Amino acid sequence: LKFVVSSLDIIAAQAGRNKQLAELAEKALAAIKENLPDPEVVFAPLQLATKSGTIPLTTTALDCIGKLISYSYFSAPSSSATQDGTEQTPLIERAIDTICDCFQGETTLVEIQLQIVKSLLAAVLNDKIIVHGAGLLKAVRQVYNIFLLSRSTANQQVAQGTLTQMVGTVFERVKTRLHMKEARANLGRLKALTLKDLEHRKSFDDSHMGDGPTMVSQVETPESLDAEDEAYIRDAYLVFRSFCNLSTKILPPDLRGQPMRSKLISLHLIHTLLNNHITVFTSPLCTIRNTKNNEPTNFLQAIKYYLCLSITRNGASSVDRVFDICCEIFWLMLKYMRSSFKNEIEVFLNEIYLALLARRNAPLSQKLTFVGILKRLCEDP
């Protein structure tokens, strides 16, 4: 649009002692006058301006970059054999990297931190573009890192909110894809053991799944529907696995510290995703491909190791907030996964919860919370 032009006017005006910057800006403004151009000619002064680390070069640049990514201006590398050379230089991973690189720890200016959270949000969660792979997971991790590392309470909060919206969206998109999948299956029919053992029980191989490039979808053949479904589901699995892993750290006797805040946001996000999208987890149509043999595997069976690991490490915590969030996760597992998790449920009941009830010096509130979970299970299915 023209926000591109206002951005370049501000950048060229505020360039100051940086001649190269002014020159790239003006070169871009000139190139626009033929009404747009080569993505790189517009992207060069934006990128450079983000590297000054001052206001308003950096904030204006970040704003422009996020909006340009959301308008599908930038694209990802392709492996189509029908490309003729005329295609633009793919720049989306680089645009997202440029945004992410502006956060360099707690000394980064608070206005810039905020602008980074908003630009990643605009890049990742918009109405025209779906980003998959490394770019998405980088945006998500960067918003988390700002939540964890900023010394601004305000920024910690907007980051928490934005992170929640992002992980929520990744799973909502998967839920939509499964809904479509089941509609297609229906249409198709119409026409006619200890606690210590659980840390070493990983049936699903997920080596190098975090790897792989950024892809982009805009908003016909079953092979293609299956591959898209795989993209969506893989985003989901990587997000979920990430939070289980963050939840598994062991702490000694802390609530405003980074370790405890990390454990809490991880457990909270795991619980929220389970509660709001339990059908994504339990559907026998939800399938992700193993890395070793490329054989399709049930989603629940694939995340099982990480879920049980999160509970193994955090159940029986002496911190009541952590104990409570595990109780709720365990409730979901007890209610919607009795069959798939039968043995694990048995271990958690014997070695963590009943063990706690039998313990004489154990906090009474915790005991009552657990027993309350049992009563809730009696009065539901």
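Start at 1 with the first residue shown and count on from there.
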| query | finding |
| --- | --- |
| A192 to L193: deposited residues without atomic coordinates | 10 or more |
| Deposited but uncoordinated residues in the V219/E220 interval | 10 or more |
| 272 to 280 versus 287 to 295 - greater average Cα B-factor per the deposited record | 287 to 295 |
| 176 to 184 versus 77 to 85 - greater average Cα B-factor per the deposited record | 176 to 184 |
| Residue with maximal Cα B-factor (values as given in the PDB entry) among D235, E111, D254, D97 | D254 |
| Options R141, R261, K196, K304 - largest CA temperature factor per the record | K196 |
| CA B-factor placement of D63, once the chain's modelled residues are sorted into thirds | lowest |
| Record-listed C-alpha B factor of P213: chain third | highest |
| Third of chain Cα B-factors occupied by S317 | middle |
| Record-listed C-alpha B factor of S339: chain third | highest |
| For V167, the third of its chain into which the C-alpha B factor falls | lowest |
